[PDB]
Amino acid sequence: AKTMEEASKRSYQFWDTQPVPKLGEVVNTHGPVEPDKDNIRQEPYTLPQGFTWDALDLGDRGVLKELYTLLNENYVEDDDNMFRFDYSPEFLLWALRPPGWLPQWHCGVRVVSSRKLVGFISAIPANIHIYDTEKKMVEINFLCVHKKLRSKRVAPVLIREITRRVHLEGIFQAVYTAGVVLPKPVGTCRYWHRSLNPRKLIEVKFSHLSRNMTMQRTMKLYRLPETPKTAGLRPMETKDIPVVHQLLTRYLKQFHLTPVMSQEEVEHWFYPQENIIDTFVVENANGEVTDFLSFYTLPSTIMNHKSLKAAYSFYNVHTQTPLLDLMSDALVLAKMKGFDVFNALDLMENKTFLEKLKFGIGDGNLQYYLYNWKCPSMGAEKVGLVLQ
């Protein structure tokens, strides 16, 4: 299902057995769908014959490359099946080894006879704020089955097995996103795209000519200053970690689904690493950081035939610089860094700048979910959580 009426007509054999609300039910309650089980299965779940569990050591360069290759060739595509994500090995270490990562949560599936990696799912620890509750959860990401093993019910085994391994660590709630509709979305978001290199975006058919426009007029439409306007703007440095933590923590209080990051987590997620994560702060006249913007790097391979370099807005905190100016500088910085497109969701306060800043709304939805938690749904503007 891609919309909820698609999901209105479908049977959920696996998800009906899971502690998540039914799609049809209207939810007002707050808390777990079920009580925690205090004795947990020690044995890993049975895979189909010919397949075996292997926890992937991503500190081993060969195993990280095995994982990269699986995701490069089998992970999320667009709705039109024209572009596939091209996660780099250094991005995967960033996304998969934040503070608190556990090796048993890098859960791969291999072919027994050849040891070929054919499946994967991951959990990372995350302190999550949902409405008035702050709880330790896991973020689930990179669920992936090889194309040659699709529609053999392997995905429910991966979900059950990462659940069991998370339960063993005493965690009973999880958060995750998906482009398909399942029981049951807590929030719904849409991707918006801001062209920065419109010629390239049209040759690879990511974008197309508006009616009677011309490349020369479209390039004119999306032109940017190429030197940012805000004074005091500069890359984040080690000395900025405490204030960036401070700024983010207070900014996120206005949203209903937010992460709660320690100072070490703020360092991991925001300290710049070239081709992975970019963060820029705005220092004022008296030397105090008052704003910062962030976006991460995720290229997309062109499926028909190298890649489209895409920036994704991460967390943007404004206390003195107007958010529109802050995001305008982010577009400039992305274009100086060679990015062809700048993506962002309609969550947090992004709606206040998306149209003004020439973003075009894209196709497909991004659903947010909680596992084993009852809460009312919320609008995109209330979601304050971005996952990689």
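C-alpha atoms forming the largest set that superposes within 1.5 Å between two forms make up the rigid core. The first residue of the shown sequence is 1; numbering continues from there.
Rigid core fits of the other structures in 8 other deposited structures of this protein place the C-alpha atoms of one stretch farther away on average; of 100 to 108 and 212 to 220, that stretch is 212 to 220. Core superposition of the other structures onto this form places the C-alphas of 202 to 210 farther off in 8 other deposited structures of this protein than those of the other stretch among 202 to 210 and 69 to 77. According to the entry, the stretch of the deposited sequence that connects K239 to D240 contains no residue lacking coordinates, so the chain runs unbroken between them. As recorded in the PDB entry, 281 to 289 is the stretch of 281 to 289 and 310 to 318 with the greater mean C-alpha temperature factor. The deposited model assigns a higher average Cα B-factor to 180 to 188 than to the other stretch when 108 to 116 and 180 to 188 are compared. Out of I202, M137, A123, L143, the entry records its largest CA B-factor for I202.
Per the deposited coordinates, the residue with the largest Cα temperature factor out of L96, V166, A155, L221 is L221.
Residue-level temperature factors show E267 in the lowest third of its chain, judged at the C-alpha atom. The PDB entry assigns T29 a C-alpha temperature factor belonging to the highest third of its chain's modelled residues.
For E43, the recorded CA temperature factor ranks within the middle third of the chain's modelled residues. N304 sits in the highest third of its chain by CA B factor, as recorded in the PDB entry. Ranked within its chain, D54 lands in the lowest third, by CA B factor from the PDB record.
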